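These values consider heavy atoms only, across backbone and side chains, with no hydrogens, waters or symmetry-generated copies. A note on names: the letters A, B, ... follow the listed sequences, proteins ahead of strands, and every chain is numbered from 1.
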Amino acid sequence: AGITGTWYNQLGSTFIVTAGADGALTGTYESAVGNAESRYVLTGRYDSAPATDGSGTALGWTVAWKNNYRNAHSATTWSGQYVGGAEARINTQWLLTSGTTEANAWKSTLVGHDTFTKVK
Amino acid sequence: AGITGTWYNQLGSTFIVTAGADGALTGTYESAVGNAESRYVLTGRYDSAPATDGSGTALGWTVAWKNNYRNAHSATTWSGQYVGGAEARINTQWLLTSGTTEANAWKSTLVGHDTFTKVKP
Amino acid sequence: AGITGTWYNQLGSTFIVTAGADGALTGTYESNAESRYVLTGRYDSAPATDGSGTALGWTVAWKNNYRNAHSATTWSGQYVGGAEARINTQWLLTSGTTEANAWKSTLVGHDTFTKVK
Amino acid sequence: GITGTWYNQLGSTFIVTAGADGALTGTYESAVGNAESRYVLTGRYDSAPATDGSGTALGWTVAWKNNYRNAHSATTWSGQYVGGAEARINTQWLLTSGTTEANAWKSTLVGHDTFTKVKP
Ligand SMILES: COC(=O)c1cc(C(=O)OC)cc(-c2cc3c(=O)[nH]ccc3o2)c1
Ligand SMILES: COC(=O)c1cc(C(=O)OC)cc(-c2cc3c(=O)[nH]ccc3o2)c1
């Protein structure tokens, strides 16, 4: 699959993931520093039988921003595809939703994009 | 009362979820739209200790659209919040990314919004 | 075309628009003069006649003669005619930020507009 | 500033004028999709940005109809202009097609484009 291992995005975030045989993604998401207060559980899913025509491998995962040290009352989902090779990449778009009151729900969700590589 | 239960979106998709004490979401999703049949595995995360100021509970989950019957070579993530009440609701926005070639990657990702209720609309 | 006129979203905003013969959208977006802003956009002036909606989009930059939020919203969507006509949209709201804060510069959401408030 | 000729990462050409009243006007030539030749664009920008180093917020729309083709669709780009040595406009976009109600769930694509003064 090529997905299991450590990945790094353009802002230094570190994505430590295992791609299980039946489509599970499990691991930890942390900052470049890696201190415990910066580490969070992640879980997701990937296509464990991708096409063989040169297409990428679809995947997604979620981090809720709560750990044993802090709680930002929010969660991010990344949706994207893995592209293999010597310059392997995971190319994603993400949504970060915070818990809000109904009056503030219109501004609950940020959108962005992250690219991950196997090299810092 | 809470996130654990059976939910339906505005199109009649069925979201059967369990919210574990450790912040885990697990369960199955059945889509009313697209190249999909029967149940698919989902996993995700939710805030197990939400704020006490009237705010909703943040959460997210992923389905990869492969099961024993079909494989669409794609995955959806839903990002949103649970809002308690007499008509409990989960309001989400979603991203659906297909595996593509690089030349087709610009059109790889659909976006939308789904609202879920424990009463089927 | 059915687009020209006054529209109301789900949260009390008012969208006043003219759909010109050349594909232009022009008008004002509100929420009193302190809360009114120019909008401009484009729509498909020759949509299909097969039950499909009419694609369109517009932008508001949140500056007027009284206030300036240093931000701008774009709405992308389609007009759906009939007895209960609608403009169904998704939107992106980008703020001007420093580079260090750019990762959190953009909100996303959805607005539904009706011809009755 | 914003007025000039810009190119996205895929080679699309964005020829824009930023007027004194906050107006964006010009033409767009897409490098992808059911598109050919130039299309009209209109939009808006913040004509009095902050003076603290922040970017200038802006947005614009293209409806994909011209004298040669009609894709029955429209794209909006929302983003900010970042001045300096190599000026850049960083955007996210939404591309909605006209659909029936039963197909509306798949009506909207999302992505991100970055524009510079140099061809990629
Ligand atoms: C409310 O968000 C938070 O509390 C929070 C906290 C941390 C943290 O503790 O860094 C150690 C990191 C992020 C974060 C978000 C994010 C994102 O959305 N796309 C790309 C990566 C990424 O990292 C968010
Ligand atoms: C007080 O200034 C305003 O009127 C104002 C200010 C902001 C702001 O502070 O963004 C920095 C945002 C909006 C706004 C409205 C709106 C809408 O109706 N649908 C979609 C998004 C959206 O954003 C309006």
Could I get the full list of salt bridge (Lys or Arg N to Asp or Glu O under 4.0 Å) partners for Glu30(B), not counting sequence neighbours? none
Where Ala58(B) and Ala75(A) come nearest, the two heavy atoms and their spacing: CB-N, 3.9 Å
Residues in side chain to side chain donor-acceptor pair (under 3.5 Å) with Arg89(A), at least two apart? none
Nearest 0.5 Å please: distance from the CG atom of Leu41(D) over to the OH atom of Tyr28(D). 9.5 Å
With sequence neighbours excluded, give me every salt bridge (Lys or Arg N to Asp or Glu O under 4.0 Å) pair touching residues 60-76 of chain D. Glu36(D)-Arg69(D)
Are more than 12 heavy atoms, taken from residues, nucleotides or ligands other than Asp22(A), located less than 6.0 Å from that residue's CG atom? no
Considering only residues two or more places apart or on different chains, which pairs with a residue in residues 73-82 of chain D satisfy salt bridge (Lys or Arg N to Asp or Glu O under 4.0 Å)? none
Are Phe113(C) and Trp58(C) close enough that their ring centers fall under 6.0 Å? yes
For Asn67(D), the side chain to side chain donor-acceptor pair (under 3.5 Å) test, sequence neighbours excluded, returns none
Just jot down the ring-ring contact (aromatic ring centres under 6.0 Å, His included) partners of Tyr45(D), sequence neighbours excluded, or say none. none
In chain order, what residues pass the salt bridge (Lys or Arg N to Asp or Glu O under 4.0 Å) check against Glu101(D), with sequence neighbours excluded? none
Salt bridge (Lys or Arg N to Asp or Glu O under 4.0 Å) partners of residues 108-120 of chain A, not counting sequence neighbours, each pair once: none
Hey, mind stepping through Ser37(D) and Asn66(D) against side chain to side chain donor-acceptor pair (under 3.5 Å) and telling me if it holds? CA-CA 8 Å; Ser37(D) 189; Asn66(D) 66 11; 4.6 Å; no
Can you list everything that forms a ring-ring contact (aromatic ring centres under 6.0 Å, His included) with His72(D)? Sequence neighbours excluded, please. none
Residue set satisfying side chain to side chain contact (heavy atoms under 4.5 Å, CB included) with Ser78(D), at least two apart, ordered chain then number -> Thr74(C), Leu92(C), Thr94(C)
Pairing residues for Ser95(C) by the side chain to side chain contact (heavy atoms under 4.5 Å, CB included) criterion, not counting sequence neighbours: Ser71(C), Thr97(C)
According to ring-ring contact (aromatic ring centres under 6.0 Å, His included), who are the partners of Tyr40(A), at least two apart in sequence or on a separate chain? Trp65(A)
